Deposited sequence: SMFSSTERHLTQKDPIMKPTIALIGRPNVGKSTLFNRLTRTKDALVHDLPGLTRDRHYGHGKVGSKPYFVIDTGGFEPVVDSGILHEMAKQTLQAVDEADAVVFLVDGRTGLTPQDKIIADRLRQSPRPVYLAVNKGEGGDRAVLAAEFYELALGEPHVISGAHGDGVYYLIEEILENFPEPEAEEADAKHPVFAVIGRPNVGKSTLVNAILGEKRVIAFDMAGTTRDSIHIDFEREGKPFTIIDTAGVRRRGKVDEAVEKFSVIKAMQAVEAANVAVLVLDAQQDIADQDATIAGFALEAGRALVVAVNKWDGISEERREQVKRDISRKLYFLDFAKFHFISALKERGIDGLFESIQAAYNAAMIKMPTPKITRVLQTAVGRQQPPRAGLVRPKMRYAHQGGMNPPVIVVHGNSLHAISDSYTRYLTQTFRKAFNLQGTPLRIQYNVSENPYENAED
């Protein structure tokens, strides 16, 4: 498992600003993220901005301290020292895990004088940084990662994920039965002869790690409630991980028929960014729909692991381009000539040609759907990329 860094600090000290630096959809909207994959640094890691949970600290914030591999305590170096900061430092100092004191917004400053007050916190060396502009952030992260040192399974290895109370335990018990669940990290089992592995592990950190360890994620939704922010950030994390995905709309036994289309329409409207995944309507309690859930889990694994021959891809591309030409880039007419796979799990298709530098999102969506149909890629977040 790769490390998780939890950002902690007073409101307005620069946490989300830092988080966006470390981890850097429809028009007019911006997707809320308070946890994601660290992209700044030589090693992979997860980042949690505990500002997204919230004076004393918050229940989930203290949990993040217990569960993260390290905490960054962010403070406003321009201000001076607020008494709220001294309280937080008192709890963090007890951490048996790393606590890095980051003195933020110290850009163009004197890094020694700006960390003068903060030795009193007894959390060690203050790290003068600037989350906005990046001064010292890369070097801070590299020291955090100097602690932790840095092949696809032949069958689907899946994690059941989702909000509390959607039915994950009921689904797992329905899948495994009593006898194989009493032998619980990885539980290998067989179904109709074919092999599967389920991963057993609210804890954001625990959910990210389930996603990291799996090659398929089964996202469980409670059909009896509206889709929630937390439903959406979990699914969003899975999407950023490129994890193959199957969606289990659970507690379907509760919905009357009149309400059924209203709920299917509601769910596709609010989880549009999952239209690459098959949606099953199941009842973990009454054990209905589980068989087709397994068909889709296997299909998601297959799609995720596909190896597509360049001539097939190029053939599919040229037929699509012949039927509908790409949008004219103002005056210039893009030419799409060939394409090949540049990644796996998820598959990535790289399109080659001239003037591919401003291809509209809708045309990229048309190529994606064509490729998905041609290669049966439902279940994996296939991505198109233009060689520019």
Comparing the deposited sequence against the modelled residues, what ranges come up empty for C-alpha?
1-16, 41-47, 78-85, 182-186, 221-229, 247-261, 449-458
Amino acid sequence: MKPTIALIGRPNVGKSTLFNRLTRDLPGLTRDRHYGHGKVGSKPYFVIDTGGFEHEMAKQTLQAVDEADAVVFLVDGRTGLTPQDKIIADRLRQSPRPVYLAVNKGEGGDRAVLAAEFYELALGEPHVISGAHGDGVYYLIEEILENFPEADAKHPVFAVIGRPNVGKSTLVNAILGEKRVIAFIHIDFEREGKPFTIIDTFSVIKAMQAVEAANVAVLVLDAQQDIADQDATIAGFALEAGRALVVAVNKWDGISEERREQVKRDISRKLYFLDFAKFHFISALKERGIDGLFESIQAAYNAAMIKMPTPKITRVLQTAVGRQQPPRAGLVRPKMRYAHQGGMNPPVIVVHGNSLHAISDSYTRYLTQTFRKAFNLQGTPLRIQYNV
From here on, numbers count along this sequence of modelled residues.
Quick check: 316-324 versus 343-351, which has the larger average CA B-factor in the record?
316-324
Report the stretch with the higher mean CA temperature factor, choosing between 161-169 and 81-89 on the basis of the entry.
81-89
From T201, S296, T233, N215, can you pick the one with the highest C-alpha B factor in the entry?
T201
What's the residue among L140, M208, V103, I282 with the greatest CA temperature factor in the PDB record?
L140
Would you mind ranking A64 by its C-alpha B-factor against the rest of the chain and naming the third, lowest, middle or highest?
middle
Taking the values exactly as deposited, rank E240 by C-alpha B-factor within its chain and report the matching third: lowest, middle or highest.
lowest
By the record's CA B-factor, is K154 among the lowest, middle or highest third of residues in the chain?
lowest
Based on the deposited C-alpha B factors for this chain, I'd like to know if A112 is in the lowest, middle or highest third.
highest
Please place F184 in the lowest, middle or highest third of its chain according to the CA B-factor in the PDB entry.
highest
